[PDB]
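**Q** no sequence for this one, just the structure:
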RNA sequence: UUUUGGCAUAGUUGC
Ligand SMILES: [Zn+2]
Ligand SMILES: [Zn+2]
Ligand SMILES: [Zn+2]
């Protein structure tokens, strides 16, 4: 999975086994990327 | 003017802008119903899940 | 947050008038004169621009992601 | 036991509004016309939004809701469209909808205003009305907004975005000759713009045989339709509703 | 019933488990009831 | 092939 660093915005891949850390800043907050499933709204 | 019939309303209505606030107590957070649900482990009576 | 597209009451378009409104205030218009210049007669529409708070400007100070 | 012979006198016609007078008509018919102006004139408005990518400060539902209220030039194309649910297409087609695409990437060091100008239609006859322009959102550097949408035929009874009018002024008996309203102190009340009273007068004398007639209209268009077109489509739609009810009643009687 | 002889506690009743249930947690962490703790203390002292 | 669950302290809030 791809995560976005919370301080330097770097998309980096992370497995389900390793501790999370930005691989060019060392930052310890990561955000999941937006889903690729189609999302549809009525404009009401 | 009455919205349905279009007739003038006999009395004259006090109207104007006013600051209103939408309080946090929405109904969708306060509505619930129970029928044959998760009873307590000690008292065997209905319990707040 | 951002200017509503429609006046809530009468449904007049008011979303395309915020920037012009601010521009007229930089032209040293009184706020009544600015609202008249934008052709807002009903006080329902005038309420929209006169009481709007453009908080989105404050929100664009924070970094994107 | 028969219809009135109503007469029209247009007192003003602009691109923003039409002001006119209907005489020799019942109050109920006039109010029904005033009501059909708001709730039953079909126009085109955005009602299906797929957001492929949003990075703006506004969440997706905010952008979709704002897009729905964008008024679209639907002068003649609305008549030849069909309601989507009535259309037999596989969910969308040029006979029941108009496709829009928006793709704005703010890759600059200035706040990029995503306006109605950025909405791009697949049909030239259905554009945003302002195409100054209606602001959809403001974007910071590195923020993208990319979506497609479809705008379909509907009327204001379903949702207010299909409302074509921007306020329908309606009046009758400006001098209060019928006393449908009773002023406690008639001196205090300003004259209507259609009043025929001199300023020493405050109220027309009471009319025991009066009946509401000469209804004054001022229909302001939001911009989706010309006000002439609003009124004509309103009368056509109300006649269509009554004829459909006539058909169903004839079936029920038989 | 209720002879005064029986007022002095010579044999103490042990309630069933339905009165002092051992609530399970976070997998199999069995948390005991306060009654079970008091009975644990009493049985330890009586064993001594 | 049909599940189930912490509790009992304090606070805040609603009528
Ligand atoms: Zn980082
Ligand atoms: Zn308004
Ligand atoms: Zn279709």
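**A** Sure, I can see it. Residues are numbered from 1 along each chain as shown, chains lettered A, B, ... in the order given. Ligands and ions are numbered 1, 2, ... in the order given.
**Q** buried set for the helix ranked longest in chain D?
**A** Secondary structure of chain D read by DSSP state H shows that its longest helix is helix D:227-253. Neighbour-count burial for helix D:227-253 flags D:227-231, D:233-234, D:237-238 (criterion: 16 or more other C-beta atoms under 10 Å in any protein chain shown). For the C-beta atoms, the positions are set from N, CA and C on the backbone; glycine is no exception.
**Q** what is the burial count for residue B:28?
**A** Residues near residue B:28, counting by other C-beta atoms under 10 Å in any protein chain shown, number 5.
**Q** returning to that earlier point: by contact count, what packs against the longest helix of chain D?
**A** strand D:17-23, helix D:27-39, strand D:215-221 (3 or more C-beta pairs under 8 Å, 6 or more residues apart in numbering or on different chains; DSSP states H and E).
**Q** as a markdown table, those with distance to ligand 2 would be great.
**A** Below are these laid out as a markdown table (distance: least, C-beta to the ion, whole Å):
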| stretch | distance to ligand 2 |
| --- | --- |
| strand D:17-23 | 13 |
| helix D:27-39 | 14 |
| strand D:215-221 | 10 |
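**Q** deepest-packed of these, please.
**A** strand D:215-221 (a mean of 23; mean count of other C-beta atoms under 10 Å in any protein chain shown).
**Q** on that earlier part again, out of the helices and strands packed on helix D:227-253, the one nearest ligand 1 is which?
**A** strand D:215-221 (52.7 Å; C-beta to the ion).
**Q** what's near enough to touch the nearest residue to residue D:216 once chain neighbours are set aside?
**A** Once flanking residues are discounted, residue D:216 sits nearest to residue D:171: 4.3 Å by C-beta to C-beta, 6 or more residues apart in numbering or on different chains. Counting by C-beta atoms under 8 Å, 6 or more residues apart in numbering or on different chains, residue D:171 touches D:192, D:194, D:215-216.
**Q** quickly check those residues for the two that are furthest apart.
**A** D:192 and D:215 (12.6 Å; C-beta to C-beta).
**Q** that older thread, distance of the residue nearest to residue D:216 from residue D:180?
**A** According to C-beta to C-beta, to the nearest Å, residue D:171 stands 12 Å off from residue D:180.
**Q** with residue D:105 instead?
**A** Applying C-beta to C-beta to residue D:105 and residue D:180 gives a distance of 59 Å.
**Q** follow-up on the earlier one: got the angle between the longest helix of chain D and strand D:215-221?
**A** 110 degrees (axes from the mean of the first three to the mean of the last three C-alpha atoms, to 10 degrees).
**Q** residue contacts, residue B:47?
**A** Taking C-beta under 8 Å, 6+ apart, one finds B:38-40 in contact with residue B:47.
**Q** now, which of the residues you listed sits nearest residue D:147?
**A** Checking the contacts of residue B:47 one by one against residue D:147 (C-beta to C-beta), the nearest turns out to be residue B:38, at 42.6 Å.
**Q** spatially central residue for chain D, please.
**A** Nearest to the geometric centre of chain D sits residue D:164, at 1.5 Å (C-alpha atoms, centre = their mean).
**Q** could you double-check that that residue lies in contact with residue D:221?
**A** Yes: counting by C-beta atoms under 8 Å, residue D:221 is a contact partner of residue D:164 at 6.0 Å.
**Q** quickly list what's touching both of those two.
**A** residue D:230.
**Q** ranges for the strands of chain B?
**A** Taking DSSP state E, chain B contains no strands at all.
**Q** tell me the spacing between residue D:203 and residue D:173.
**A** In terms of C-beta to C-beta, residue D:203 sits 11 Å off from residue D:173.
**Q** and for residue C:54?
**A** 44 Å.
**Q** what about these two, which has more around it?
**A** residue D:173 (23 against 14).
**Q** which one of the contacts of residue D:171 is nearest to residue D:133?
**A** Nearest to residue D:133 among these, with distances taken as C-beta to C-beta, is residue D:216, at 33.7 Å.
**Q** which ones are touching the closest one?
**A** With contacts taken as C-beta under 8 Å, 6+ apart, residue D:216 has the following neighbours: D:19-21, D:169-172, D:174, D:194.
**Q** if you set the cut-off to 10 Å instead, what comes out?
**A** D:9, D:11, D:19-22, D:30, D:169-174, D:192-194 (C-beta atoms under 10 Å, 6 or more residues apart in numbering or on different chains).
**Q** swap in residue D:56?
**A** Counting by C-beta under 10 Å, 6+ apart, residue D:56 touches C:2, C:56, C:59-60, C:64, D:62-63, D:104, D:106, D:114, D:136-140, D:143-145.
**Q** helix or strand: which one has the closest residue to ligand 2 within chain A?
**A** As assessed by C-beta to the ion, ligand 2 sits closest to residue A:44 within chain A, at 20.0 Å. Per DSSP states H and E: residue A:44 is located in neither a helix nor a strand.
**Q** so how far is residue D:204 from the closest residue to it other than its chain neighbours?
**A** Closest residue to residue A:44 apart from its sequence neighbours, by C-beta to C-beta, 6+ apart: residue D:159 at 5.2 Å. Distance, residue D:159 to residue D:204, by C-beta to C-beta: 41 Å.
**Q** try residue D:142
**A** Counting by C-beta to C-beta - residue D:142 and residue D:204 are separated by 67 Å.
**Q** for residue D:30, same thing?
**A** Taking C-beta to C-beta, one finds residue D:30 at 19 Å from residue D:204.
**Q** next one: residue B:33
**A** Residue B:33 is 59 Å from residue D:204, by C-beta to C-beta.
**Q** done for today, thanks.
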